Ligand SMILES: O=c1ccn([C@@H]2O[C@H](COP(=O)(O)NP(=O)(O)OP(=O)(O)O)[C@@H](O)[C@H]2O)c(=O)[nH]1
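Single chain ahead, by itself, as C-alpha cells, in the form deposited without the named molecule.
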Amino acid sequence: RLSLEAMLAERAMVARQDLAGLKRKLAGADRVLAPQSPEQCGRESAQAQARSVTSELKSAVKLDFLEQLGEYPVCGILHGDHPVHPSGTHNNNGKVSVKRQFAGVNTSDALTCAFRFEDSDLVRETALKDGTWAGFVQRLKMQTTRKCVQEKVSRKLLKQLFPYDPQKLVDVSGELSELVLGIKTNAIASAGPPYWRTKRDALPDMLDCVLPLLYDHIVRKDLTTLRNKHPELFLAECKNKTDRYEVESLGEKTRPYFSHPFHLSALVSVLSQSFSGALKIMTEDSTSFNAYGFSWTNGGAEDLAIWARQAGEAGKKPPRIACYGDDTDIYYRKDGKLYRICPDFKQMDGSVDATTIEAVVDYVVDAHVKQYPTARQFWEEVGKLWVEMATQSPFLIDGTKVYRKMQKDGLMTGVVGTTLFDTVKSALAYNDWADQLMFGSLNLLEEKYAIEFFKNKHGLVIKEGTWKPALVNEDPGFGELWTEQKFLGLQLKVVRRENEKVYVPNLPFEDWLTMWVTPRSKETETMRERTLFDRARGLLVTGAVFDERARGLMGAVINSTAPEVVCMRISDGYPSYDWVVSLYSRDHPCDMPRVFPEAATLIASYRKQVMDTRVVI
C-alpha cells in the first residue's frame, strides 16, 4: 500500500534519468528567476570574445635535488581472484610506472558566460593571469629543498595553543577495522599504490588484504621486512593536482600533491579525524590559536568578531591570534583602538620543520593514548609511520624512478594532517611573536621588523602586502565592512535582516569574477552546463550574493541554464539573498528555494489543477 504522492515521487526519480523527457515535462514550468544583470553582449559575440582570449592565453603557455632510489617491483599480493595491483596498469617490465599528465582545465565555458552578462573589457583583463612540467619541477624543488628552523615545542605549549576535549576523542582502543570504517574520504580519489584504483573500488582489497598484512607487521616490529618484500605498499605518488592550496586564496591552483597509499592514509586518518572532532577553535576556547575547522556559517562570522574584540593593549594584555594553516588573523589594541592584521606565509608546506611534525604527531598520539591507555603501544607505532609519510615517504613522479626527500624538514603536501601541521607551525611562531610583544618589543607590529622576525627566528616568509595593520570597525552599521582585509580568503561585512545585523563574508566584484574565470575523456556537453550552474550557486553561497554585480552574473547563469540541467540526477535549488543570510546566521538550517516549484509534480507527468472543495456551489 503506497500513497499516490509516493507513487508519483517514485515516478519522478525514475523519469529524472531521461534528459529528453525532462525537457517535455518541464516545458512551460513556472520558473523562479533569480536577480540577473542585463545582457551586455550577444550569444555569438560572447562566444567569439571567449575563444579569442582562450587561444591568446593558451598560446602563452607554450630531478637531481631529490634522493634517487631504485625502481620498485610491483607487489605480487593476490586477493582471491584478482591481484591487488591490476594487470596491465602502472607496470613497465615488472617495475611500477606512472605517466606524466600535463591535465585539462575548463576555461572557455565560464569565460563565455562572463563575456555576455558583464563588461567585455573587465572580463578580458581579469582572464589574463602556468603549471607545465617545468613549473611543476621548480615548485617541487622549492618545497623539498627549503631550509627550515627547528622550533622549541613541548607538549605543554601544544596544550595551550591547541586545546582539545578528551571525552570527544574516538575510543581508539576498539577494533581497528571498525575504526577505519569510521573515517571519511573522497571515494573517487585515487587509492594510490598498489591499488591504482579509486578508493571505492579498492576499499575491499585494502580492508581485508593489505591493511591486515600491514597490521601484522606493525605488531611484530617486522615493518622492515614488509618494505623489502612488498615495497609498493609504502610508495606514494607525486602529482600536479589543481586544488585550493593557499588558505588565503579560495582560488584553485595546480601544485605538487602527494598521494599516499590507502591503507597508510586510512590508518593514520583514524587519529587525524578523531583529533579534528575534539580540537577546539578560537571561538570555543579563547586560549586556542586554532582556526582549523572554523566555518563562517551558523554565526561563525559573528563569533570571529566577538572573539576579536576581546583583544587587549599590546604589552599589557594578550592579543587575539587565530591560525588556519598559512593564513592567520591578528587583533591587538593601541591606546584602546582595535587593530587587525591578516598575515600570510609563502610556501609554508616546505617551511614546516621536522621537530614540529614530530611534535604534532606526538601530541595527537599522546592525547588518544592518554584517554584510552589500553592501546598505547600500537598507535605509537602508527605515529612513527605518520612521520615517515609526512617527511620521507618514497614517491613516483614520472616513469619508474622512485625518489625521496633529501632533508627530513619540509612537509609532503597531501599527507593526512597537512593543514594541521601548517596550523601548528604558524601558531608556534605567532605565540613567540606575542611573547616578545609582552616583553617590550612593540616594534614587531611594524612590517619591517615583523617580516624579519619570522624569517630569522622562525624560518617563515611573510607574503608581501599581508602585513598591513588597519583600524577595525568594531561597531559596524548596516552594510559596512569589518576591515578590507582578507582572512580565509574573504572579508567580513555586516548586513541587515529586519532590525538585526548579520555578519557575512564578502569580496569585491573583481575577485568574484576572477574566481569565476579561473579554470578548474572528461568531455560532456550537458555536464558543461551543470558545471557552470553549480559553480554559480557555490560562488553565491560563498558570498557573491552580497556583491551586487556578482549576484547578477551568477544569477544570469542560474536563469540561463536549461530546466533539464537544473532538475537532473538531484538538487534543483537556487541561493537566494534571504537563504544565504540565514545560512550565515544562527538560524536553523533551511533548504534552498526551488528554481521550479512545480517540478516535483511535473517530472512525474502530473500537471496539478486546483480543485477547490471549500468554495462549493
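The first residue of the sequence shown is number 1, and the count goes up from there. Basically, rigid core = biggest C-alpha set you can superpose within 1.5 Å across the two forms.
Keep in mind that the form deposited with the named molecule bound is not shown, yet the notes after this line are about it.
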**OP:** Would you mind fitting the named molecule into the shown chain by superposing the local C-alphas on its pose in the bound PDB entry and telling me if the pocket reads open or blocked at 2.4 Å from backbone or C-beta atoms, 3 atoms or more being blocked?
**Re:** blocked
Original post:
Would residue 328 sit within 4.5 Å of the named molecule in the bound PDB entry, counting heavy atoms only?
Top reply: no
Original post:
Would residue 345 sit within 4.5 Å of the named molecule in the bound PDB entry, counting heavy atoms only?
Top reply: yes
Original post:
Taking heavy atoms only, is residue 455 within 4.5 angstroms of the named molecule in the bound PDB entry?
Top reply: no
Original post:
residue 97: heavy atom within 4.5 Å of the named molecule in the bound PDB entry?
Top reply: no
Original post:
Which single stretch, out of 415 to 423, 305 to 313, 281 to 289, 76 to 84, brings residue heavy atoms within 4.5 Å of the named molecule in the bound PDB entry?
Top reply: 415 to 423
**OP:** Let me know the one among 205, 349, 232, 409 whose heavy atoms come within 4.5 Å of the named molecule in the bound PDB entry, would you?
**Re:** 349
**OP:** Note which of 124, 255, 486, 90 lies within 4.5 Å of the named molecule in the bound PDB entry, where distance is taken over heavy atoms; exactly one does.
**Re:** 255
Original post:
Among 139, 241 and 463, does every residue place a heavy atom within 4.5 Å of the named molecule in the bound PDB entry?
Top reply: yes
Original post:
When the rigid core of both forms is overlaid, which of 245, 372, 234, 215 is the one whose C-alpha moves 2 angstroms or more between this form and the one not shown?
Top reply: 245
Original post:
Just checking, between this form and the one not shown and with the core aligned, does residue 530 shift 2 Å or more at the CA?
Top reply: yes
Subject >> Rigid core superposition, residue 33 Cα moves 2 angstroms or more between this form and the one not shown >> reply: yes
Original post:
After the core is overlaid between this form and the one not shown, has the C-alpha of residue 68 moved by 2 angstroms or more?
Top reply: no
**OP:** Looking in the bound PDB entry, decide if the C-alpha atoms of residue 250 and residue 143 are closer or farther than in the form shown; they differ by 3 Å or more.
**Re:** closer
